[PDB]
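Structure, as structure tokens:
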Amino acid sequence: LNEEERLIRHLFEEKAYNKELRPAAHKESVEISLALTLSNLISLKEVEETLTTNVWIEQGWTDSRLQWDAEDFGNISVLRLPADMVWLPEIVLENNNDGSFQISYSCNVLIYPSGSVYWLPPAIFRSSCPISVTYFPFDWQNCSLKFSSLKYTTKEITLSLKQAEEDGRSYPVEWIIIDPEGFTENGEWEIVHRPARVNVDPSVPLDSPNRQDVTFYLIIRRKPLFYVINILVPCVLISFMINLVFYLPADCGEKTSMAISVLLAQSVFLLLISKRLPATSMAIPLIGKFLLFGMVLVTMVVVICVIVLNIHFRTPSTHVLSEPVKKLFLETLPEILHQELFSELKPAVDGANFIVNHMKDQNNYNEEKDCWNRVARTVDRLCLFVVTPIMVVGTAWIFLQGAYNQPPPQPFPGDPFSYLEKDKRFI
Amino acid sequence: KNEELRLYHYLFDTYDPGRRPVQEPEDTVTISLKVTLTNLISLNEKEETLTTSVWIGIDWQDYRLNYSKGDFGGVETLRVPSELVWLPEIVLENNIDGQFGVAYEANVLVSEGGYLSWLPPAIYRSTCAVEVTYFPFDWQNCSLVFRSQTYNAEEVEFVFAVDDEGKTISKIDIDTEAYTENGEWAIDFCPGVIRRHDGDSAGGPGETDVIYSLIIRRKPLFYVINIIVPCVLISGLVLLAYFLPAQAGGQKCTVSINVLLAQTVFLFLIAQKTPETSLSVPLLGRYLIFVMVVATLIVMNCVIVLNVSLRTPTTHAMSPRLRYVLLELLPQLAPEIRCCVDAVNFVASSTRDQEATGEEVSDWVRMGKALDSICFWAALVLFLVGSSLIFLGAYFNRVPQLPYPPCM
Amino acid sequence: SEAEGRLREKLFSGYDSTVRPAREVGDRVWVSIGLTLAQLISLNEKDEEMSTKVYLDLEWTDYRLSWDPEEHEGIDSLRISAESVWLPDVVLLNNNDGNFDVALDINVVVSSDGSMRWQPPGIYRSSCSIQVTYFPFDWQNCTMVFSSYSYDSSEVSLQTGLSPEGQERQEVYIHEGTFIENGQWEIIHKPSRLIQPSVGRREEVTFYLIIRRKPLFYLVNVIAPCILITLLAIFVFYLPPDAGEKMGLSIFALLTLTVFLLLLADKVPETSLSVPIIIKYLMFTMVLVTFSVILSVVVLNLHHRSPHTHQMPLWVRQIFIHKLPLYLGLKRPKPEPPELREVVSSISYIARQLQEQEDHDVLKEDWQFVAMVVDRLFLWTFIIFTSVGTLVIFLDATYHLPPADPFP
Amino acid sequence: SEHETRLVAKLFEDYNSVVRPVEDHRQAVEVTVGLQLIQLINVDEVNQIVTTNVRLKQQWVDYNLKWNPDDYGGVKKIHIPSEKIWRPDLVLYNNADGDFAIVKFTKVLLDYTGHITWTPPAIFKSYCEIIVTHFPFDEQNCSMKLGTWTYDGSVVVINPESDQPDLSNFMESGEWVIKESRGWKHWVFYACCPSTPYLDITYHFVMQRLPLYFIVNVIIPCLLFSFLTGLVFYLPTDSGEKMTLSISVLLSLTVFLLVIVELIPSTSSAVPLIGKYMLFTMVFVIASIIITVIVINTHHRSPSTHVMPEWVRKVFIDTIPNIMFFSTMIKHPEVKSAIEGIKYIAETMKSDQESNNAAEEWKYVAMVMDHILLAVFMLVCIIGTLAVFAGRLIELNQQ
Amino acid sequence: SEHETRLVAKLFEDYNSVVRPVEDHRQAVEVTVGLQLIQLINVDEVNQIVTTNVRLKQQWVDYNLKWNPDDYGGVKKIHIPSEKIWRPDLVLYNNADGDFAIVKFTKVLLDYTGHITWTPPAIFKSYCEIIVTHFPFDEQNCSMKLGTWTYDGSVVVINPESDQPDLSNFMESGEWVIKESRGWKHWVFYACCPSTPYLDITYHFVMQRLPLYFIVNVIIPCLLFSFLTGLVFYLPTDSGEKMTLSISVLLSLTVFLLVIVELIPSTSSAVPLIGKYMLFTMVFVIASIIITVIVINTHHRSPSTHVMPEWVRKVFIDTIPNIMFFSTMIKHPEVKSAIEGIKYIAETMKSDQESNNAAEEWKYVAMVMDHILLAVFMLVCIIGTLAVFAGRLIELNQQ
């Protein structure tokens, strides 16, 4: 007969295996070694604050009840069994937000003659990742996958990281494993740090299953080329078009219309970028701050355009152009910025005098109109030179804050260890 | 239940639901299939999914469950769970959501002579390729394909059910007592056909299925009222640009450009409703794109008219051929006293030059007016002809007069 | 261990997990219920549903699962699969998605004296009646009702689960070390009460969550743009009628406000028992801009009053040229031979035409001054109306605070 | 409980859940059915489906599940799993997007006399034809048909527990008010089973929509924009801004029409009230635009290129006084050439006077047309709005 | 049948589904694996997930499920539930939003020679990287890696049924066309199990998008707006409508760029050429606005404000027309008061006419600039429109 059939009959029927009992004495804990292999970072939804990841979770322990002598079973050195046939530590993801605690596919366990149970199920985990929006789209996020057992406490099992060997020296695997044969790079997020820790909380009581856990952290930087090329550049150019209204004349040039149209474009950008991020109150997004600053600036420019148009369309019959404003806005600022016959012809002379006086009055009217136009143009130039530097400095400051943001050199502030494979800490 | 429990023991004390009810292997289990349509829930165009509510009447014979009324005190029929009896695993092959079997596993009725009858309900989401060429005045052919999931034609055979007169029922049955009319789609035909094909290997066991083809017709009143008529009116507003004056404050280009903008809004509206397939352009899509192109050409024409009208004489010399074309198109549709005299002569010359300037400006304005007059009729003819030609295809898209009975 | 296996065999000999542990008929099973909020996932106002992640804490006694530890090698506690022992049928009564049970099936901890402690996880979606009046400056009172589905008060009596501090602790537990606060909601109060029935429902344990929204997102994204657009709407009245841009500014401000209202509908609740204060503010601003458009049309009508066609009424002159300019600080700048024979005729005539032009221009200037005075009056009126309305709405929103007492 | 454990062991020692729980097969199972509406989760108008949280109380006597309490220490009632006993197969006939039957198998309360009460919960997603004629002031009569699927009236008989659904635990909805509710029992003959009738109980609910949300978020902006339609006729033609107002109003009503279209089902059974109002206001704005173009053409009619017909002068300038605040409207050759120049000055200034006067007449005609059209369009706005809404409004206020 | 019941009782008397079904544990199970694509349900580009309907045909031989037909009434085949027998644990490695392994356990066809055929259906939602470079004229090659999870190549050997996946029963897609399809076998060494290789079969499909939908709904409107951009320069400055046209076109382009941003994944691997065209058109319109502001500013320079630079008169008045074609721009106190007044009239009109000529020169300069810019901008529009698209278009046409 098959040696596998004989071995299964020996382990499970002759010896009467009981999967409900731990493989240890009553006052002894089972040592569970945990590792994580990231096959694919499926997504990070910011509005829902959810990290979807494809991960193979590697669990290992020793079951002395499932040991055999290979010589007695045709030198068989490995056996695949259903996971439901053996005791499991029942490691679950504590950070799930959709309610899926368990692994996706409950594959087989591999058992060896020494009694070592090795399990490597895959899973698609949807974990809760709170999002920092302060530097979007130049932001980096710090998500975590927390694994623990809700069925057993620290008295029953003992979680630990997987131990690997190099030239005979043992070291713990303190990082998320990235198999080149089973890893796919995400097009939007690049992994900067991927440490792994065993956390024990002394605050909670020893009989709480949440006392111990193994946390695999993913510090990931967004690749901002998409948002820079598609969102930021059009919005910034449309915002900086506002400075052109100062160059428009005050008669045909629809200064107010162009300014409010820039405002409408900014409002559309703000409302269609607000949907791409959650509604958290921790901070305002960088793009949101820039859009608010630009909209306030455009509002001020619209008010300035209204005032300039008001000044331009003044008349002698409506306003008086006083000497001090005249000198201020036409001399100083432009400089720094840059008998019977006589009875029959009495109607002739009277008409000529009246016509001449009419034309003189019209000339004075036109000159005052031109002076008001010149004052309006001076105010426009002054407001240009005041507003454009303020618009260019604010934009530069905001986007330099965005660009210079980068993740910390170390995964954990205050911990000098780099959690890199090259810096493996031999035991 | 004494007699019913007696019968249940007598039938199912020895019985294997895994096995076909056949004396020999090379027999075939004939199964009568009927499908009753309670509701046509929807036809998702975006997802290309016909959602329907059906009852699936499956009748067959099981010799192992044969018994006599006399030996059991009058039990004519017995309701058992469907997992206790062998079933033909009839699945909807062309399902899109992954559901193959029926949602609810109703009881099976076992009658005296071994007749088994199963009438479970089902919400089926089948695949229906949507032909979009005449949307919204279109009709669709949505198929429901039923087949055994495991057995082949040499083990499980399909026939249609017969009415009381013996006529075969080759169609989706509709019970007026259990039918609800769909507000958007009218069913016109619903024939049924049993197809049989050869196996993958020559001389092997062939395959069989039952296909029910629903011919359904859209009621386009909603889209006519809410999409087509407003689009036609807002499109026709573009022609009013020709009557606005070609000067400052005329707002000639404003009307045209904003009409184009609203036409794009309507494009997005139809884009929300029609599918994303690329096999053909929808009729409303072609009409929209034609009308956007018409509005863009009218924007161009308004720009040309405004250019021609605002040619001042000082910069633009007078084109004689243009004036000739205008005339063609018109019938179809003492030293101190010497100083004073020189001043007065200067006044006269200045006013004469100004009057000539105004005359040449008026001539250019009249040219613009004539050009606008001609192009208004041109654009009106183009718009009306294109609208009529596009919508006549929708008018003539009637459901074919197939050689089948009505579906009612 | 073998001792644990023998103990488990002994306890579950003739043990029925479907039978309530009542030693005597009429005995009650006392269940202590507590809750630990691991995460407040969300409060969706569209569905009126609070999504939370919790750990229950159920404690009761099963007399059938007691033993002497000294007879079983000192074993004084077991971790048994929850399906193997009787469980109280505790469910979230007010769930919104139809899910009543816990998220994961874990071990129950059984002590040697028969004390059962079960701490299952649960991802719950409870119903919350959203008070929409002060949105987004609102606080919600969302409840989670836990009760036995089947057993009545005479069979299973519930009570609030005491923490290790004791004293009949009545509160949702939150572990401040690991709890991450929601980015949109702040938990003000979180009590826990036992609601017993009148004299028909049964006993239940309600866990309340008073949660205050953090409105920074809506302040930045909605309120400030509305204030800026409203300021522009005020400033339309300072624009000259000669610029020909009042209609554009006002109506496009109205368009921007309409865009904000439409793109805010994604976020607001869709109930109809009240109106959000933000929606009230938007409606007030829209009505104000509509009146701004109306009065800008009136001002433009007055400004372009043709003098020869319209005689100014004497009362209009007194009110808008003499009385109101004093109060509005708008002081008008002004305080108020054959050949020779026919040449004389022409000169006297030219003087006559110029004099007539003075008369008509004086009347036009009077009409335009009346228009300017009306414009300034409307500017001041709109400033007052905007400031008062905005202040009233903002003070109404700001002084809405969460209660200091969970149960007034 | 040892007594209850022994009882449960005894009762299911030999129990068949396949057969109906009657002593004699010739009698039917009497079942009492009662619906309890806990919550009205949703009324999806576009898909025409109503989601309701319900409890489906079912009461019936089981012949083989009786016992004497004296033999079991006085136990008179127990709770047992429902999956292990015979149950009625109640199916929702008009299911649309959910389960046909119960899927949550909660415990049954079993009495010593064999009486079973089973009150499972359900989330019924039932088809519901949506009458849009009076939307958003519409009333929807929805229904839930529940019946035993495979059991006819001769083998299982279902009876309503009460004439009305149980609403004592109904959570009040923020969008609908249930005006009336009533359960009707029906005996129905189907073509599949023509011999025997099948029983059903249809629970219907008449729901009145609360229209405040749609009034505030939809109707009021449309009223505001339709009110601005007639104001184009009070704008002067010299402002050069009439088309701005009219076209902006048209674009706003277009985006609103997009919203209203996406807010209703695509059924062709009726035209909605709000859709009728939308089309009315759109035709109103289009007519306003057409007549405004006519007015602008009238205003800018060059008198040199256009002669004033006598009939229009009679109709507008002469006729139509209304409020007439209007007016209705020696000897050198060089000296010789200078005199000729002054003559040209006078003659040209006459010619300009006459041309300006004729253009003035055209402007006055346009001004009177605008004044008439303003009143006409304002009156038409109020009349149309009332003629649309007031019928349903007084119908609701009068009932 | 009775013989078939006896056979099924015999086969599963001491059967163990845990054991690999071979005579000796030292030999491997030979499994033939084939994929049948029934329908390409969806290609979600934003989420980068392809949903497909498939049948995963698996054939092998079970050593312990053989029988002699003569001993069982000539039964040469039976249908057995797949849950009762050993099966290969095929898993889709690149699973995104679906099941790693088969969950719908249909029956297996078992021959008398032990040959098992099992053809379960599945809905595979696999990760499919989206090369957005040529969207909507894009081609997507993406794949389904399928392999035994827990069994290495030494204990279970999987072989492809054929080089190509089975497309005989494939429902043709309305949005994609499969150009190439191929299954490749791979022996992969994983870090978890260095000692032994694991086998997989990767079935890759190359799909060409049918771009008619995006052509009609996106490209053509954008082309129309890009064409409309250039007409601003032919529009005169005296109409007061250059800015309205320019800004309206720009706003429409904001709307279109923001809808095409939603139709593409947010990855940074590459930038789409439709995005490149949209930003080209963006900078195109923005430069048009800037230069038209310059032209409008030039149109109203007057001797009151600015004097004419010599180079402006050198270039735009004489040099450019070389290519253009235009007009190249008894005394008494009262008596003596009248004479001096007439003098004043003469000087005032002469100065006014001179300033009017200067303004007309500036208008001429703006005019010639407008035509130069019209030619340049239209040519740039045509060149850019051809440059962005012609590469991919001629590549596909030649392919």
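Letters A, B, ... go to the chains of the structure tokens in the order shown; residues in each chain start at 1; ligands are counted from 1 in the same order.
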
- Message: Based on only C-alpha atoms, which of the residues in chain D come within 8 Å of chain B? I want them as a ChimeraX atom specification.
- Response: /D:16,18-25,47,96-97,99-101,149-151,188-191,238-241,243-244,247,251,254-255,257-258,261,266-269,271,275,279,282,286,290,293-294,296-297,300,334-335,337-338,341-342,344-345

Please produce, as CSV, a per-residue contact table for region 108-170 of chain A versus region 186-195 of chain A (criterion: any atom at most 10 Å away, only C-alpha atoms considered), showing the nearest atom pair and its distance in Å to one decimal, sorted by chain then residue number.
```
residue,atom,partner,partner_atom,distance
A:140,CA,A:189,CA,8.7
A:141,CA,A:189,CA,9.4
A:142,CA,A:193,CA,9.2
A:143,CA,A:194,CA,9.9
A:144,CA,A:194,CA,9.5
```

- Message: Give me, as an MDAnalysis selection string, all polymer residues having an atom no more than 10 Å from residue 238 (chain C), counting only C-alpha atoms and skipping those fewer than 3 positions away in the same chain.
- Response: (chainID A and resid 303 306:307 309:310) or (chainID C and resid 234:235 241 246 372 375:376 378:379)

- Query: Hey, what does DSSP flag as helix (DSSP H, G or I) within region 270-335 of chain C? Can you give it to me as a ChimeraX atom specification?
  - Reply: /C:277-303,314-328

- Spatial neighbours of residue 265 (chain E), 8 Å, only C-alpha atoms, chain gap at least 2 places, as a ChimeraX atom specification: /E:45-48,130,132,262-263,267

- Considering only C-alpha atoms, return as an MDAnalysis selection string whatever protein or nucleic-acid residues lie within 7 Å of region 376-391 of chain E, sequence-local ones (same chain, fewer than 6 positions apart) excluded. chainID E and resid 226 230 273 277

So that I can check the surroundings of residue 315 (chain A), please list as a PDB file with N, CA and C atoms, in the first residue's frame every protein, DNA and RNA residue that reaches within 10 Å of it, counting only C-alpha atoms and ignoring chain neighbours fewer than 2 positions away.
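Okay, result-v4.pdb is ready:
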```
ATOM      1  N   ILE A 311     -12.923 103.402 -10.850  1.00  0.00           N
ATOM      2  CA  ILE A 311     -12.104 104.595 -11.038  1.00  0.00           C
ATOM      3  C   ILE A 311     -12.073 104.999 -12.507  1.00  0.00           C
ATOM      4  N   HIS A 312     -12.059 104.017 -13.410  1.00  0.00           N
ATOM      5  CA  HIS A 312     -11.881 104.305 -14.830  1.00  0.00           C
ATOM      6  C   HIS A 312     -13.071 105.066 -15.405  1.00  0.00           C
ATOM      7  N   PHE A 313     -14.286 104.745 -14.960  1.00  0.00           N
ATOM      8  CA  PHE A 313     -15.514 105.282 -15.536  1.00  0.00           C
ATOM      9  C   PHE A 313     -16.061 106.474 -14.749  1.00  0.00           C
ATOM     10  N   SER A 317     -19.095 115.127 -14.134  1.00  0.00           N
ATOM     11  CA  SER A 317     -20.468 115.250 -13.663  1.00  0.00           C
ATOM     12  C   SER A 317     -20.806 114.280 -12.537  1.00  0.00           C
ATOM     13  N   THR A 318     -19.891 113.381 -12.173  1.00  0.00           N
ATOM     14  CA  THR A 318     -20.114 112.367 -11.146  1.00  0.00           C
ATOM     15  C   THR A 318     -19.108 112.435 -10.011  1.00  0.00           C
ATOM     16  N   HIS A 319     -17.847 112.744 -10.309  1.00  0.00           N
ATOM     17  CA  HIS A 319     -16.789 112.780  -9.312  1.00  0.00           C
ATOM     18  C   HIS A 319     -15.855 113.940  -9.618  1.00  0.00           C
ATOM     19  N   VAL A 320     -15.142 114.382  -8.583  1.00  0.00           N
ATOM     20  CA  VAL A 320     -14.182 115.477  -8.679  1.00  0.00           C
ATOM     21  C   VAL A 320     -12.788 114.880  -8.537  1.00  0.00           C
ATOM     22  N   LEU A 321     -11.927 115.156  -9.515  1.00  0.00           N
ATOM     23  CA  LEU A 321     -10.556 114.648  -9.519  1.00  0.00           C
ATOM     24  C   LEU A 321      -9.686 115.647  -8.771  1.00  0.00           C
ATOM     25  N   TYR A 365     -14.020 118.041 -20.498  1.00  0.00           N
ATOM     26  CA  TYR A 365     -14.631 116.778 -20.092  1.00  0.00           C
ATOM     27  C   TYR A 365     -13.781 115.595 -20.542  1.00  0.00           C
ATOM     28  N   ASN A 366     -13.344 115.618 -21.802  1.00  0.00           N
ATOM     29  CA  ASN A 366     -12.538 114.527 -22.335  1.00  0.00           C
ATOM     30  C   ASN A 366     -11.194 114.431 -21.626  1.00  0.00           C
ATOM     31  N   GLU A 368     -10.543 115.302 -18.505  1.00  0.00           N
ATOM     32  CA  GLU A 368     -10.750 114.708 -17.187  1.00  0.00           C
ATOM     33  C   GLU A 368     -10.997 113.205 -17.302  1.00  0.00           C
ATOM     34  N   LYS A 369     -11.735 112.781 -18.334  1.00  0.00           N
ATOM     35  CA  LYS A 369     -11.934 111.350 -18.555  1.00  0.00           C
ATOM     36  C   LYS A 369     -10.605 110.638 -18.781  1.00  0.00           C
ATOM     37  N   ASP A 370      -9.731 111.228 -19.597  1.00  0.00           N
ATOM     38  CA  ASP A 370      -8.427 110.622 -19.851  1.00  0.00           C
ATOM     39  C   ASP A 370      -7.592 110.563 -18.580  1.00  0.00           C
ATOM     40  N   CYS A 371      -7.668 111.604 -17.750  1.00  0.00           N
ATOM     41  CA  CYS A 371      -6.935 111.589 -16.488  1.00  0.00           C
ATOM     42  C   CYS A 371      -7.432 110.473 -15.576  1.00  0.00           C
ATOM     43  N   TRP A 372      -8.751 110.281 -15.503  1.00  0.00           N
ATOM     44  CA  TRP A 372      -9.288 109.183 -14.702  1.00  0.00           C
ATOM     45  C   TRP A 372      -8.829 107.834 -15.242  1.00  0.00           C
TER      46      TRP A 372
ATOM     47  N   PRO C 333     -20.976 116.760  -8.169  1.00  0.00           N
ATOM     48  CA  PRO C 333     -19.920 117.774  -8.347  1.00  0.00           C
ATOM     49  C   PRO C 333     -20.436 119.186  -8.573  1.00  0.00           C
TER      50      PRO C 333
END
```

Excluding residue 281 (chain A) and its own-chain neighbours fewer than 6 positions away, which residues fall within 12 Å of it when counting only C-alpha atoms? Please give them as a short mmCIF file (atom, residue, chain, number, x, y, z; two decimals) with C-alpha atoms, in the first residue's frame.
```
data_model
loop_
_atom_site.label_atom_id
_atom_site.label_comp_id
_atom_site.auth_asym_id
_atom_site.auth_seq_id
_atom_site.Cartn_x
_atom_site.Cartn_y
_atom_site.Cartn_z
CA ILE A 131 -4.24 58.55 6.24
CA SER A 132 -2.12 61.68 6.66
CA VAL A 133 -3.24 64.20 4.03
CA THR A 134 -0.94 67.11 4.93
CA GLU C 181 -9.63 58.29 17.08
CA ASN C 182 -11.76 58.70 13.98
CA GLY C 183 -10.64 61.57 11.78
CA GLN C 184 -14.20 62.93 11.49
CA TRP C 185 -15.81 62.17 14.88
CA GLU C 186 -14.92 62.76 18.53
CA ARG C 212 -19.36 65.28 17.64
CA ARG C 213 -18.32 65.94 14.06
CA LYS C 214 -15.09 67.82 13.41
CA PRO C 215 -16.19 70.36 10.75
CA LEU C 216 -12.80 71.56 9.47
CA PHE C 217 -13.27 69.86 6.10
CA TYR C 218 -16.62 71.55 5.45
CA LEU C 219 -15.36 74.90 6.76
CA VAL C 220 -12.42 74.84 4.36
CA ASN C 221 -14.17 73.32 1.34
#
```

- Query: Once you count only C-alpha atoms, which residues of chain D turn out to be within 8 Å of chain C? Could you give them as a VMD selection string?
  - Reply: chain D and resid 1 to 2 4 to 5 41 53 73 to 75 79 to 81 106 to 109 121 to 123 174 to 175 210 to 213 216 to 217 221 224 228 231 234 to 236 238 to 241 244 to 245 248 252 325 to 329 339 342 to 343 346 364

- So how far away is CA of residue 110 (chain B) from CA of residue 64 (chain D), in Å?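 That distance, rounded to one decimal, is 23.6 Å.
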